[PDB]
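Taking the form deposited in one PDB entry, here's one chain by itself in C-alpha cells.
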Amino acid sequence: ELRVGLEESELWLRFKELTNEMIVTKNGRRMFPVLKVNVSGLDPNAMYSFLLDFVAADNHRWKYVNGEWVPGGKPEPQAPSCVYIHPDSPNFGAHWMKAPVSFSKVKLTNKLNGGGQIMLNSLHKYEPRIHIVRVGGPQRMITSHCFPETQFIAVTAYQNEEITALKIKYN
C-alpha cells in the first residue's frame, strides 16, 4: 500500500487555523509554505511523474469583511486548475522516496500565461492535490492525494495581517 504524508504539517496547521492565503500575480508567485510530501511504498525501480493541481474547495467568491473571510451568495462552477509537473519528473521510485518531494518552483498566477505558472481565480478557496503517475511501464496507474491542511484562498495581497506575520516569521 503506497503511502503519502504531508511534511511540516505542524506549520501548515498554524496557517490553516487563521485561514491561509497565497499571493497570485500576473507573472506568478511561489508558495510559502511549500508543499512537501513524504512518499513510501513506490517500486524503487518503477518510473513515476509527480503532478500538482488545485481543487476549488467550494464554488464561491470569498471577501475579507470586518476581519473575517465570508463567502459570496452567487456560486459559479469552477473549472479544474491546470496541472504542474514536478521538474524531477519522470524519475525512479527510489528518487522520490529518498527525500520529501518539494513543489518549491510552482508559481500561482491570476492570468493565462506562457508556461509553468498555474492560473487560479483570486478570492477562491483551493485544496492542493497531487497525482502520482506510474509512467513508461506497461500498466499506467494514478494515485491521488488531497491535503486539507494546505487549503488557502488565492489573494492579490494579504488581508489577514496574522497570516502576513506568520509568513515572515517562518520564511
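Shifts are known only where both forms have a C-alpha. Note that the rigid core is defined as the largest set of C-alphas that superpose within 1.5 Å between two forms. A residue's number is simply how far along the shown sequence it sits, counting from 1.
Not on display, but discussed next: the form deposited in another entry.
Core-superposed C-alpha of residue 87 shifting 2 Å or more between the shown form and the other one: After core superposition, the C-alpha of residue 87 moves less than 2 Å between the shown form and the other one.
After superposing the rigid core, is the C-alpha displacement of residue 135 2 Å or more between the shown form and the other one? True for residue 135: a C-alpha shift of 2 Å or more.
Is there a C-alpha shift of 2 Å or more at residue 98 between the shown form and the other one once the rigid core is superposed? After core superposition, the C-alpha of residue 98 moves less than 2 Å between the shown form and the other one.
I want to verify one pair: residue 79 and residue 118. Are their C-alpha atoms nearer or more distant in the other form compared with the form I supplied, knowing the change is 3 Å or more? Closer: residue 79 and residue 118 approach by 3 Å or more in the other form.
Taking the shown form as the reference, report whether the CA atoms of residue 137 and residue 88 lie closer or farther apart in the other form; the distance changes by 3 angstroms or more. Farther apart, by at least 3 Å.
With a 2 Å cutoff on C-alpha displacement after fitting the rigid core, which stretches of 3 or more consecutive residues move between the shown form and the other one? Listed in sequence order, the moving runs between the shown form and the other one are 73-81, 135-140.
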